[PDB]
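Next comes just one chain, in structure tokens: the form deposited in one PDB entry.
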């Protein structure tokens, strides 16, 4: 009496940020977002539901995860089980294909992969849209990893209308790259879920954030239509900076930046001034991702080696949507 399934899902990085929930229980977002799915970084996950299991078990890179480390996994299992009316404990075994000690965020690829594996195990037979909705409920950013290339998460107004979709771009995503700059001098960081909640509830800058998301999204779409990279880059760099601005107005205020983050951001500006078109973005942590055209990627990598070891500079390209496998 067992049911099992497997999936592989790639990470995505938001160019227009999701920051703050309109509904915390269903992870309905206050604003729509837009991401690029990447090839380099991904998660492979198997799940087994078995009547003979005695508790939920989560293994990550071969290491048994403790209660706190399993929290998003455990909550997703309960909600997928309630949706299937399944009463069995599960075993989740996941492997993250990210660079050693990089400290990448893996909730997007991990919960997306877990959602795909559960869809297979429990025979839910979900469409891509409904698979995105399911993964949304484990982690908002996971719903975009269902899709490859550019994807948009439409905020919607309901569990039924909040989900992601691919954005066709005439293969423009295949001309682009993202160079990760790995920064480790970071303080202990508020989780994305807790930080965005504190920002929604207390930041005097959050209305300014909301008032600007939709125009940024429209201009990303216009830029994609004309393959206008400097225009894309200027929009997404300011969007990310605006997102981080909101945490300095929270109560108490906080920042995700480390000293190295600022050095990296300053160097991106110098690279642009030397004529290398490239634009930075940060999520809920100190790493700095640099959006650049493929033709300019080695120039950018060379320039940045003056201050960062080669271990600290990891390129990624456009990647595919989720893949499901039977066991």
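Residue numbers count along the first chain shown, from 1. Rigid core (definition): largest C-alpha set, two forms, superposition within 1.5 Å.
The next section is about a form of this same protein that is not shown, the form deposited in another entry.
J.: Which listed residue, 253, 103, 156, 208, is the one whose CA shifts 2 angstroms or more between this form and the one not shown with the rigid core aligned?
T.: Once the cores are aligned, the residue moving by 2 Å or more is 103.
J.: Using the rigid core as the reference frame, would you say residue 187 shifts its C-alpha by 2 Å or more between this form and the one not shown?
T.: Yes, shifts by 2 Å or more.
J.: Flagged pair residue 254/residue 103: C-alpha distance shifts by 3 angstroms or more in that other deposited form. Which direction, closer or farther?
T.: Here the pair is farther apart than in that other deposited form; there, closer.
J.: Do the C-alpha atoms of residue 99 and residue 299 sit closer or farther apart in that other deposited form than they do here, given a shift of 3 Å or more?
T.: It is farther: in that other deposited form, the C-alpha atoms of residue 99 and residue 299 lie at least 3 Å more apart than they do here.
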